[PDB]
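Colleague: Pasting an experimental structure, sequence included:
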There are 2 protein chains.
Amino acid sequence: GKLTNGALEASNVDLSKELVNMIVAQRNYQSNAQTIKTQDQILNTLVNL
Amino acid sequence: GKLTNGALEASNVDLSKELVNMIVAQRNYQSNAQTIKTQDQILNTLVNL
């Protein structure tokens, strides 16, 4: 492509998309943590027998 | 072209057209300001979710 003098190419990250993806990633992370918690409790109740 | 002595070539700006163009540019600038305000209030919704 051609070079444009006197100008700079800014970044291409969209902040709204990033925030929404952060929300979704937080939700997935919390779900996985809940799975870990469930397995830990299962091991605990198996041990307490 | 010919040169005329004892005279000066004045400016070629028309004040009425300049004032009307200033009015139009003012309105365009304010419209862009409203666009900026819209984007500002948009990111606010996400930042406060």
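Modeller: Cool, the structure landed. Residues are numbered from 1 along each chain as shown, chains lettered A, B, ... in the order given.

Colleague: which ones are touching residue A:9?
Modeller: By C-beta atoms under 8 Å, 6 or more residues apart in numbering or on different chains, no residues touch residue A:9. (Each C-beta comes from the backbone N, C-alpha and C, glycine too.)

Colleague: Backbone dihedrals for residue A:3, please?
Modeller: Per-residue torsions, residue A:3: phi -90, psi 130 (degrees, to the nearest 10).

Colleague: neighbours of it, just the number please.
Modeller: By the measure other C-beta atoms under 10 Å in any protein chain shown, the count of residues near residue A:3 is 5.

Colleague: Against residue A:12, how distant is it?
Modeller: Residue A:3 is 18 Å from residue A:12, where distance means C-beta to C-beta, to the nearest Å.

Colleague: What of residue A:34?
Modeller: In this view, residue A:34 and residue A:12 are 35 Å apart by C-beta to C-beta.

Colleague: do the same with residue A:46
Modeller: In terms of C-beta to C-beta, residue A:46 sits 51 Å off from residue A:12.

Colleague: Which parts of chain A are helices?
Modeller: Taking DSSP state H as the test, the helices found in chain A are A:15-48.

Colleague: In space, what's closest to the residue in chain A that chain B sits nearest to - neighbours in sequence excluded?
Modeller: Nearest residue of chain A to chain B, counting by C-beta to the nearest C-beta: residue A:19, 4.5 Å away. In space, and not counting its chain neighbours, residue A:19 is closest to residue B:46: 4.5 Å by C-beta to C-beta, 6 or more residues apart in numbering or on different chains.

Colleague: Near that neighbour, how many other residues are there?
Modeller: With other C-beta under 10 Å as criterion, residue B:46 counts 15.

Colleague: Residue A:19 too?
Modeller: Neighbour tally, residue A:19, other C-beta under 10 Å: 15.

Colleague: Noted, bye for now.
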